[PDB]
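First comes the structure, then the notes that go with it.
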Amino acid sequence: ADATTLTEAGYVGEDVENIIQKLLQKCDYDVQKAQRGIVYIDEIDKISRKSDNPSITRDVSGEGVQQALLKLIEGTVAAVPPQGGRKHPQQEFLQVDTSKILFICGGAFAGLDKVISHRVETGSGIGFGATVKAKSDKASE
Amino acid sequence: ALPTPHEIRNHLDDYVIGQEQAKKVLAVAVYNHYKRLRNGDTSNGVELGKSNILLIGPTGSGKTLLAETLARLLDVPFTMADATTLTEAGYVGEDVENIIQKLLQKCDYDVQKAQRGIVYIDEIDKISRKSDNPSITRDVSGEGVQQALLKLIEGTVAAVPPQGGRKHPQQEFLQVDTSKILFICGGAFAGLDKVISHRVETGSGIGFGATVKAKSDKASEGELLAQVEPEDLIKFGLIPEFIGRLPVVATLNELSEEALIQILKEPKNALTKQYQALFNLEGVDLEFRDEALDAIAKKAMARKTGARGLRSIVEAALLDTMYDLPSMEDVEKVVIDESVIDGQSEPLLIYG
Amino acid sequence: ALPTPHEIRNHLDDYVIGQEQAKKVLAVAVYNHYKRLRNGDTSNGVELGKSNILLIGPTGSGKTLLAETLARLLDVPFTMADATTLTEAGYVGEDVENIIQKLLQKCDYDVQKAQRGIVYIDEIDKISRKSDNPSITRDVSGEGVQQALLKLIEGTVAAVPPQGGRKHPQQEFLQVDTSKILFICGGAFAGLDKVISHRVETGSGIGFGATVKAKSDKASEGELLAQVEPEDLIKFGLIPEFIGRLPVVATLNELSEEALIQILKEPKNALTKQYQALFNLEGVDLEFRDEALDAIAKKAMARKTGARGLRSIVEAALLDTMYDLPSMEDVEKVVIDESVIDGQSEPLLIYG
Amino acid sequence: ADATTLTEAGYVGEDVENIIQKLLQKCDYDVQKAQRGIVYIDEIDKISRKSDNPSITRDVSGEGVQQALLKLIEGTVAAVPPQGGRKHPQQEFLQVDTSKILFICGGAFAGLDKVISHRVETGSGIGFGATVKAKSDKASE
Amino acid sequence: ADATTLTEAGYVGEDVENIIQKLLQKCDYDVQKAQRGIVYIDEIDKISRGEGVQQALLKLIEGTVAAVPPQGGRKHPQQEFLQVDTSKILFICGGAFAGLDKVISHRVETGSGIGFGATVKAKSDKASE
Ligand SMILES: Nc1ncnc2c1ncn2[C@@H]1O[C@H](COP(=O)(O)OP(=O)(O)OP(O)(O)=S)[C@@H](O)[C@H]1O
Ligand SMILES: Nc1ncnc2c1ncn2[C@@H]1O[C@H](COP(=O)(O)OP(=O)(O)O)[C@@H](O)[C@H]1O
Ligand SMILES: [Mg+2]
């Protein structure tokens, strides 16, 4: 899955809970196999929290999406309708625990180098005995 | 029968001490407000006007406490807010219509009864302009908030979203009228005394021919605030159109060491009674000697913490006993004195 | 038959005292507007066009009061708006088209009635450029509001929800043309006198050849406002395109002591009449001596808050009285005189 | 139409494509007639990107409207509501090309004279070699 | 929660109530259980100097009623919104005041830090701290 597509529940974008349902589709909706499955949330950095914008009605993507994903890591059974259940509820709600499901989040955190450097960069001195750092060997990601 | 000012003042006296003048203004205003609501039919041609209150007093003088002590008896919906949070419309901070939203929560989102409610606005001092501002920056936290409140206080229909929503082209709005909704803006106008001190004793000239007959006198900040006039607020930074919406002004004097001692035992919800009841349920009586109360007040004044600091002082003094009292046995009563405050002697424990 | 301007002024002067010039413009505009509605056929080759009004005046001068009094006799729907709430399109603040929605609510969402309705936009001075013509950052709450209103005042096909957004699907936004909708903007332009003074005054210099002007012989606020011109408003912050939509400008002078005295008793809903009825239900009569009213007018002028200052003076005088009045027995009448205004004396209490 | 109400797509304010919607109403939602329609975008001078503004901010009210209108003036297919009823279930996007529609934009540019004067005069200064006119001999607006 | 997250100063009301909403998730969205919950904060020294941020924070500690949606959902009306009083919730505002130790030494110990007689024993032991 990709965090970019994911949005807060009840919105036009997507719902985070369908990730468990997508995993079940691979193993034909069996909880035993699903529990041992692995999840890969690509582009995790794209859902980084952002400040509120007056023009935008609400920030559906951001910390709100991170809370739904965090709930699965804490460990919670997720209700999934099997065999593509009809709109009628019928109380199927297959419970799949998320404590044993491996969660992997892989994203390219562009710009993180800037904040990290500000914290671990000693700086360049000015005196004769100081250490001068040229831009060539300054640092790298 | 509508409660008379004496009855309302008695309730305020139980929880608030040293603000006799403030209680009268709020008590009569609440009584007059009920009369206006009671006279809501208004068979006579005359239309009863609305007068708002402006509580100006130092921090820790019980300005907020007066508002909280009214919700207990107040029949109409009452709520509290903060002016600092409010901001001009069209900005990311906030909007002034949220004040009605908070009031709507208490009234079960019923606009009919909400129109007869009372509102309180805290920290209004932060909204004042500092000085000589060209306004090119388009100040939002300050002057912008005042301009929006003008119509609100005098009375205008306001579009309030249902809940947890921001203004947008959507039709999720509730038309609420603030004509009959009272407003009590309370803030600590720090520095206003200097403005009043200037006008009263500005003097004229410095040289030999000058008139320096006026002599600066040492007066308490509360005493000086009584001489405040609208002209002083204009210099502080408040728009003249805003004061007109608040005709009634009441000032609260600063608390004294003697008053702090009274606050420890006289109030119905006194701090001392809270710890006593905490121990009474366990089965061990608690008593505080007057020797400790005097020392407790001195510590607060010494540290300038005020009435709020009283909680911290009591916590430290009883920290040792509270930790050991539940585990300990055969403790019928505990006696505290001034020796406990300084820490030289542990609180006396009585054994049964 | 349509009411003549004199008849309209008769109703307006009942509640407004001293605003002779304002009443004439409003009465003539209202009378002319009715003629245009009666001329809906428009058989004449020329098509009649509306002229807008701009009511300038200090605080407590009767700007907002005139709008409320006019609605009492307006056959067409009338609504009041707040410029502060309005913001540029695409922002959290309310849009300018919402004003048309409020008018529609009054006439049962009837586009025909709304098209011939009257609109009032209070606090129009708030939406003004803050003396920064470039406007580095978009002033959505300021200059942006004016731009949105530029085409609305002259006429635009506004889009609004059909009936308070019953269901968002199939909106079918109603089309309303504001070409024939009269607009009456009003606000207190604080600081405009400084602009007009610079242009009219000769100026001042420091050298031998310059002309020195004494502080005593200087133009007053009322005097400068009478000489207001469109060029002056442009410097204040308004856009030139905006004034063009408001050809008629009617300024309001500051209320004098004589006018303030009349306001206390002459209008239908005065301060004295308000408190008089307030006490009548309680069973005690209220009598205000003529000398006392004159003293209140002088004290109010010092407050610089306009007519609203009178309410503060009366409340302070009767603050203690109202606090103890209900508990008292058989108080048949109360008398207030000049001795009570300054505070040296206490109001007299007559016992039956 | 007025450019003031228009804003960049994806925001609460009305989109630029709504202009075509207004044109369609005049011809009773006739796509053929709409292609031959004429438009008058008044207040075009108000939608102007502020050259002096914070760099990291999106001027949806300004430049955003200009950018979106680029394809609308040159010619492009724009999706609009189906009809006055605004049927939501039915797709009925009524694709209309804007390649044969004339757009007569108009606005009163305030302050443009001050910009033109900078290029035309080229003589402002304080020294002997500068040109001083006293505003009496300066060119008019 | 962290003070740096809430230093935005824009619509602070929605984030302060968002904290209890996060707490409500753990307690099965039970108002009574949420009131008994313990909330923690850290890095309070950073906001001390935004002054405005402190104005909003004190209200949460003093006690305030915050409306929250009922266990998420697609949408819900103002009536269904759950309101939890924060007066019964325990708030712990943690922090690390590195520079405060110097202020205390100035007030309690000698007010000399540069001269010959001053104490500049910055050995990094920090035992006296
Ligand atoms: N000419 C007047 N005649 C009678 N009462 C008046 C008059 N002017 C003011 N008042 C009283 O003062 C109150 C406030 O007057 P307003 O017209 O609302 O002042 P204002 O022009 O709105 O000032 P702004 O708009 O806040 S700057 C009215 O409700 C009346 O009670
Ligand atoms: N007479 C009093 N009796 C009891 N508490 C008081 C009294 N006066 C002030 N207080 C204390 O003051 C606090 C409220 O004041 P506060 O909210 O700080 O006012 P403001 O916010 O307007 O400065 C309460 O915690 C209350 O205990
Ligand atoms: Mg007004």
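Ordering of the structure tokens sets the chain letters (A, B, ...), residue numbers begin anew at 1 in every chain, and ligands are numbered from 1 in the order given.
Fitting chain A onto chain D across all of their Cα atoms brings the RMSD down to 3.2 Å.
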>> DSSP on the backbone: which residues in segment 221-336 of chain C end up as helix (DSSP H, G or I)? Give the answer as a count of residues only.
In response: 68
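Atom to atom, atom CA of residue 19 of chain D and atom CA of residue 105 of chain C stand 26.8 Å apart.
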Can you tell me which residues sit at most 7 Å away from ligand 2, counting only C-alpha atoms and all ligand atoms, written as a short mmCIF file (atom, residue, chain, number, x, y, z; two decimals) with N, CA and C atoms, in the first residue's frame?
data_model
loop_
_atom_site.label_atom_id
_atom_site.label_comp_id
_atom_site.auth_asym_id
_atom_site.auth_seq_id
_atom_site.Cartn_x
_atom_site.Cartn_y
_atom_site.Cartn_z
N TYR B 15 -18.25 32.22 48.05
CA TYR B 15 -17.08 31.77 47.31
C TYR B 15 -16.05 32.86 47.02
N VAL B 16 -16.44 34.13 47.04
CA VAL B 16 -15.55 35.25 46.75
C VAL B 16 -15.55 36.21 47.93
N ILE B 17 -14.37 36.72 48.27
CA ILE B 17 -14.18 37.64 49.39
C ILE B 17 -13.31 38.81 48.93
N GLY B 18 -13.64 40.01 49.41
CA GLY B 18 -12.88 41.20 49.09
C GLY B 18 -13.23 41.89 47.79
N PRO B 58 -6.34 42.95 38.67
CA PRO B 58 -5.07 42.21 38.60
C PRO B 58 -5.30 40.71 38.58
N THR B 59 -4.33 40.00 38.02
CA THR B 59 -4.41 38.55 37.96
C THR B 59 -4.41 37.97 39.37
N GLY B 60 -5.22 36.93 39.57
CA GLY B 60 -5.33 36.30 40.86
C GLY B 60 -6.27 36.98 41.82
N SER B 61 -7.09 37.92 41.35
CA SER B 61 -8.04 38.64 42.17
C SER B 61 -9.43 38.01 42.15
N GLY B 62 -9.60 36.88 41.46
CA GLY B 62 -10.88 36.21 41.39
C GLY B 62 -11.80 36.67 40.28
N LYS B 63 -11.26 37.24 39.20
CA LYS B 63 -12.10 37.65 38.09
C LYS B 63 -12.77 36.43 37.45
N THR B 64 -11.98 35.39 37.19
CA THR B 64 -12.52 34.16 36.62
C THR B 64 -13.42 33.45 37.62
N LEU B 65 -13.06 33.51 38.90
CA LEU B 65 -13.85 32.84 39.94
C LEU B 65 -15.27 33.39 40.00
N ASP B 122 -12.60 36.12 28.70
CA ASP B 122 -11.40 36.30 29.50
C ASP B 122 -10.22 36.77 28.65
N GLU B 123 -9.24 37.37 29.33
CA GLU B 123 -8.00 37.84 28.72
C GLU B 123 -8.23 38.83 27.58
N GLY B 186 -13.76 40.25 30.82
CA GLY B 186 -12.87 40.42 31.95
C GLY B 186 -11.41 40.22 31.61
N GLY B 187 -10.56 41.19 31.95
CA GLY B 187 -9.15 41.08 31.66
C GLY B 187 -8.32 41.88 32.63
N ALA B 188 -7.03 41.54 32.69
CA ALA B 188 -6.06 42.21 33.55
C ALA B 188 -5.29 43.18 32.68
N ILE B 263 -9.37 33.52 52.93
CA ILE B 263 -9.64 32.63 51.81
C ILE B 263 -9.31 31.18 52.17
N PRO B 267 -14.10 30.57 52.70
CA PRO B 267 -14.89 30.09 51.55
C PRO B 267 -15.50 28.71 51.76
N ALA B 270 -13.22 26.26 50.41
CA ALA B 270 -11.90 26.64 50.88
C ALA B 270 -10.88 25.52 50.68
N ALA B 307 -3.24 33.82 45.45
CA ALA B 307 -4.20 32.82 45.92
C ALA B 307 -3.93 31.45 45.30
N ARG B 308 -3.53 31.43 44.03
CA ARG B 308 -3.25 30.16 43.36
C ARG B 308 -2.11 29.41 44.04
#
Give me the residues near residue 46 of chain A as a PDB file with C-alpha atoms, in the first residue's frame, where near means some atom within 9 Å (using only C-alpha atoms) and where sequence neighbours in that chain fewer than 3 positions away do not count.
ATOM      1  CA  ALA A   3       0.232   6.297   2.408  1.00  0.00           C
ATOM      2  CA  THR A   4      -0.393   8.963  -0.256  1.00  0.00           C
ATOM      3  CA  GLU A  43       5.686   6.651   0.706  1.00  0.00           C
ATOM      4  CA  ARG A  49       1.789  16.293   9.694  1.00  0.00           C
ATOM      5  CA  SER A  61      -4.138  13.484   4.925  1.00  0.00           C
ATOM      6  CA  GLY A  62      -1.593  13.796   7.723  1.00  0.00           C
ATOM      7  CA  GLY A 107       9.662   6.146   2.441  1.00  0.00           C
ATOM      8  CA  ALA A 108      12.220   8.653   1.204  1.00  0.00           C
ATOM      9  CA  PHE A 109      12.274  11.413   3.828  1.00  0.00           C
TER      10      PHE A 109
END
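The smallest atom-to-atom distance between ligand 3 and any of B:194, B:151, B:304, B:215, using only C-alpha atoms and all ligand atoms, is found for B:151.
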> What lies within 12 Å of residue 333 of chain B using only C-alpha atoms, ignoring chain neighbours under 5 positions off, as a ChimeraX atom specification?
Replying inline: /B:276,279-280,282-288,321,325,347-352
Hey, could you make a per-residue contact list for chain C against chain D with 10 Å as the cut-off, showing the nearest pair of atoms and its distance in Å to one decimal, counting only C-alpha atoms, sorted by chain and number, as a Markdown table?
| residue | atom | partner | partner_atom | distance |
| --- | --- | --- | --- | --- |
| C:88 | CA | D:5 | CA | 7.8 |
| C:89 | CA | D:5 | CA | 5.3 |
| C:90 | CA | D:13 | CA | 4.2 |
| C:91 | CA | D:12 | CA | 7.3 |
| C:92 | CA | D:12 | CA | 8.5 |
| C:95 | CA | D:5 | CA | 8.8 |
| C:96 | CA | D:5 | CA | 9.2 |
| C:97 | CA | D:5 | CA | 9.4 |
| C:133 | CA | D:111 | CA | 8.7 |
| C:134 | CA | D:52 | CA | 8.6 |
| C:135 | CA | D:50 | CA | 8.6 |
| C:136 | CA | D:53 | CA | 5.3 |
| C:137 | CA | D:53 | CA | 5.6 |
| C:138 | CA | D:50 | CA | 8.1 |
| C:140 | CA | D:61 | CA | 9.2 |
| C:144 | CA | D:4 | CA | 8.3 |
| C:145 | CA | D:4 | CA | 9.5 |
| C:147 | CA | D:4 | CA | 6.8 |
| C:148 | CA | D:4 | CA | 5.8 |
| C:149 | CA | D:4 | CA | 9.4 |
| C:150 | CA | D:43 | CA | 8.8 |
| C:151 | CA | D:2 | CA | 7.6 |
| C:152 | CA | D:2 | CA | 9.8 |
| C:156 | CA | D:1 | CA | 8.3 |
| C:157 | CA | D:1 | CA | 8.7 |
| C:169 | CA | D:88 | CA | 6.6 |
| C:170 | CA | D:86 | CA | 4.9 |
| C:171 | CA | D:86 | CA | 6.9 |
| C:172 | CA | D:84 | CA | 5.9 |
| C:173 | CA | D:84 | CA | 8.6 |
| C:239 | CA | D:110 | CA | 9.2 |
| C:240 | CA | D:110 | CA | 9.0 |
| C:241 | CA | D:108 | CA | 8.5 |
Resulting file, chosen residues, C-alpha atoms, as a tab-separated table (two decimals), in the first residue's frame:
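That gives us selection.tsv:
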chain	number	residue	atom	x	y	z
C	88	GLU	CA	-12.13	37.29	-0.22
C	89	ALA	CA	-13.33	34.20	-2.07
C	90	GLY	CA	-11.48	30.97	-1.41
C	91	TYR	CA	-10.82	31.60	2.30
C	92	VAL	CA	-12.29	30.42	5.60
C	95	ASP	CA	-17.96	35.34	1.12
C	96	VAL	CA	-19.71	38.50	-0.06
C	97	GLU	CA	-22.53	36.57	-1.79
C	133	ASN	CA	-1.04	50.76	-1.68
C	134	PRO	CA	1.22	47.89	-2.86
C	135	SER	CA	-0.36	45.40	-0.40
C	136	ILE	CA	2.56	42.95	-0.35
C	137	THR	CA	0.39	40.22	1.20
C	138	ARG	CA	-3.17	39.77	-0.04
C	140	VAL	CA	-8.44	39.12	1.91
C	144	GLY	CA	-10.17	41.78	-1.09
C	145	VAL	CA	-13.66	42.39	0.30
C	147	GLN	CA	-13.04	43.98	-4.95
C	148	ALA	CA	-15.73	41.33	-4.46
C	149	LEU	CA	-18.30	44.06	-3.74
C	150	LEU	CA	-17.27	46.19	-6.75
C	151	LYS	CA	-19.48	44.26	-9.17
C	152	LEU	CA	-22.15	43.30	-6.62
C	156	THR	CA	-24.21	40.67	-10.55
C	157	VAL	CA	-26.04	37.35	-10.99
C	169	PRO	CA	-27.34	17.06	-4.20
C	170	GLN	CA	-28.98	18.95	-7.11
C	171	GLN	CA	-28.19	22.37	-5.68
C	172	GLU	CA	-29.72	24.35	-8.61
C	173	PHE	CA	-28.24	27.57	-7.23
C	239	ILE	CA	-10.36	51.77	-3.62
C	240	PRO	CA	-11.40	54.43	-6.21
C	241	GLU	CA	-13.66	51.92	-7.96
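Pairwise distance (atom CA of residue 114 of chain B, atom CA of residue 77 of chain B) equals 6.4 Å.
Across the structure, atom CA of residue 51 of chain B and atom 11 (C, counted along the ligand's line) of ligand 1 are spaced 12.5 Å apart.
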>> Can you work out which residues from chain C touch chain B at a cut-off of 7 Å (counting only C-alpha atoms) and hand them back as a PyMOL selection string?
In response: chain C and resi 59+84-85+87+91-94+130-132+140-141+164-165+268-269+273-274+303+305+308-309+311-312+315+319+322-323+326
>> Using only C-alpha atoms, I'd like every residue of chain E that has an atom within 12 Å of chain A; please write them out as a VMD selection string.
In response: chain E and resid 5 to 12 14 to 15 18 to 19 21 to 23 25 to 26 28 71 to 76
Okay, now the selection with N, CA, C and O atoms, as an mmCIF file, in the first residue's frame?
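Ended up saving to part-v5.cif:
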data_model
loop_
_atom_site.group_PDB
_atom_site.id
_atom_site.type_symbol
_atom_site.label_atom_id
_atom_site.label_comp_id
_atom_site.auth_asym_id
_atom_site.auth_seq_id
_atom_site.Cartn_x
_atom_site.Cartn_y
_atom_site.Cartn_z
ATOM 1 N N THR E 5 4.640 20.186 18.906
ATOM 2 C CA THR E 5 3.574 19.869 17.962
ATOM 3 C C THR E 5 2.460 20.907 18.013
ATOM 4 O O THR E 5 1.883 21.253 16.976
ATOM 5 N N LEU E 6 2.148 21.419 19.206
ATOM 6 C CA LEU E 6 1.057 22.367 19.393
ATOM 7 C C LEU E 6 1.492 23.829 19.426
ATOM 8 O O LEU E 6 0.683 24.684 19.802
ATOM 9 N N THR E 7 2.728 24.146 19.044
ATOM 10 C CA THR E 7 3.163 25.541 19.016
ATOM 11 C C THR E 7 2.712 26.274 17.753
ATOM 12 O O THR E 7 3.097 27.432 17.564
ATOM 13 N N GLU E 8 1.924 25.622 16.890
ATOM 14 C CA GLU E 8 1.488 26.232 15.636
ATOM 15 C C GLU E 8 0.733 27.540 15.850
ATOM 16 O O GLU E 8 0.846 28.458 15.032
ATOM 17 N N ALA E 9 -0.059 27.628 16.918
ATOM 18 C CA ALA E 9 -0.840 28.810 17.279
ATOM 19 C C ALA E 9 -1.970 29.106 16.295
ATOM 20 O O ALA E 9 -2.529 30.207 16.319
ATOM 21 N N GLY E 10 -2.318 28.150 15.432
ATOM 22 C CA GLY E 10 -3.420 28.290 14.500
ATOM 23 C C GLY E 10 -4.444 27.218 14.802
ATOM 24 O O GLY E 10 -4.148 26.028 14.656
ATOM 25 N N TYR E 11 -5.652 27.623 15.193
ATOM 26 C CA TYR E 11 -6.722 26.689 15.547
ATOM 27 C C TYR E 11 -6.241 25.711 16.618
ATOM 28 O O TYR E 11 -6.344 24.491 16.475
ATOM 29 N N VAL E 12 -5.686 26.265 17.701
ATOM 30 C CA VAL E 12 -5.177 25.428 18.790
ATOM 31 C C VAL E 12 -6.289 24.605 19.436
ATOM 32 O O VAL E 12 -6.029 23.528 19.984
ATOM 33 N N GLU E 14 -8.665 22.766 18.213
ATOM 34 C CA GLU E 14 -8.911 21.433 17.666
ATOM 35 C C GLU E 14 -7.821 20.430 18.045
ATOM 36 O O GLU E 14 -8.101 19.229 18.124
ATOM 37 N N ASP E 15 -6.577 20.879 18.254
ATOM 38 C CA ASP E 15 -5.522 19.934 18.621
ATOM 39 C C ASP E 15 -5.558 19.567 20.100
ATOM 40 O O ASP E 15 -5.216 18.433 20.452
ATOM 41 N N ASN E 18 -7.966 17.080 20.342
ATOM 42 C CA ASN E 18 -7.499 15.903 19.621
ATOM 43 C C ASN E 18 -6.706 14.981 20.535
ATOM 44 O O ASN E 18 -6.683 13.763 20.321
ATOM 45 N N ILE E 19 -6.030 15.544 21.539
ATOM 46 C CA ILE E 19 -5.243 14.729 22.461
ATOM 47 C C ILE E 19 -6.151 13.774 23.226
ATOM 48 O O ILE E 19 -5.868 12.575 23.332
ATOM 49 N N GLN E 21 -9.038 12.847 22.281
ATOM 50 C CA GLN E 21 -9.573 11.928 21.281
ATOM 51 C C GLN E 21 -8.632 10.744 21.115
ATOM 52 O O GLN E 21 -9.076 9.597 20.989
ATOM 53 N N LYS E 22 -7.324 11.012 21.109
ATOM 54 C CA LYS E 22 -6.346 9.933 21.056
ATOM 55 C C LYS E 22 -6.465 9.075 22.307
ATOM 56 O O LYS E 22 -6.370 7.844 22.245
ATOM 57 N N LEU E 23 -6.669 9.723 23.456
ATOM 58 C CA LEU E 23 -6.853 9.005 24.711
ATOM 59 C C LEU E 23 -8.155 8.217 24.692
ATOM 60 O O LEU E 23 -8.228 7.110 25.239
ATOM 61 N N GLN E 25 -9.495 6.727 22.228
ATOM 62 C CA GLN E 25 -9.318 5.504 21.452
ATOM 63 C C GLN E 25 -8.915 4.337 22.343
ATOM 64 O O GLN E 25 -9.432 3.223 22.201
ATOM 65 N N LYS E 26 -7.987 4.580 23.267
ATOM 66 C CA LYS E 26 -7.500 3.529 24.156
ATOM 67 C C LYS E 26 -8.558 3.064 25.152
ATOM 68 O O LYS E 26 -8.567 1.888 25.535
ATOM 69 N N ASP E 28 -11.835 2.866 24.705
ATOM 70 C CA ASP E 28 -13.060 2.447 24.021
ATOM 71 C C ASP E 28 -14.058 3.598 23.894
ATOM 72 O O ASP E 28 -15.268 3.375 23.851
ATOM 73 N N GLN E 71 -16.532 7.984 18.260
ATOM 74 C CA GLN E 71 -15.734 6.910 17.642
ATOM 75 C C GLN E 71 -15.614 7.063 16.124
ATOM 76 O O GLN E 71 -15.886 6.149 15.345
ATOM 77 N N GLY E 72 -15.168 8.243 15.708
ATOM 78 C CA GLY E 72 -14.997 8.526 14.297
ATOM 79 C C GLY E 72 -16.306 8.589 13.539
ATOM 80 O O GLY E 72 -17.183 9.391 13.873
ATOM 81 N N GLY E 73 -16.444 7.758 12.511
ATOM 82 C CA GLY E 73 -17.640 7.740 11.698
ATOM 83 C C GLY E 73 -17.517 8.646 10.485
ATOM 84 O O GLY E 73 -16.683 9.548 10.424
ATOM 85 N N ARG E 74 -18.362 8.372 9.487
ATOM 86 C CA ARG E 74 -18.334 9.168 8.264
ATOM 87 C C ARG E 74 -18.653 10.632 8.552
ATOM 88 O O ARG E 74 -18.009 11.536 8.008
ATOM 89 N N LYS E 75 -19.642 10.881 9.405
ATOM 90 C CA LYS E 75 -20.068 12.210 9.818
ATOM 91 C C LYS E 75 -21.105 12.020 10.912
ATOM 92 O O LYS E 75 -21.759 10.974 10.971
ATOM 93 N N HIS E 76 -21.252 13.026 11.774
ATOM 94 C CA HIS E 76 -22.222 12.956 12.857
ATOM 95 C C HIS E 76 -22.695 14.364 13.181
ATOM 96 O O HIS E 76 -21.947 15.325 12.970
#
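If only C-alpha atoms are the atoms counted, then among E:112, E:86, E:64, E:4 the closest residue to residue 38 of chain E is E:86.
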>> Can you work out which residues from chain E touch chain B at a cut-off of 9 Å (counting only C-alpha atoms) and hand them back as a PyMOL selection string?
In response: chain E and resi 9-14+52+55-56+59+67-69+77-79+81+83
>> Select, as number ranges by chain, those residues of chain A with any atom no more than 9 Å from chain D (distances computed using only C-alpha atoms).
In response: A: 55-57
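For segment 21-217 of chain B, a DSSP pass over the backbone yields strand (DSSP E) at residues 53, 54, 55, 56, 78, 79, 80, 81, 82, 118, 119, 120, 121, 122, 157, 158, 159, 160, 174, 175, 176, 177, 182, 183, 184, 185, 186 and 187 of chain B.
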>> Under the rule that only C-alpha atoms and all ligand atoms are counted, which of B:220, B:253, B:128, B:179 is the nearest residue to ligand 1?
In response: B:179
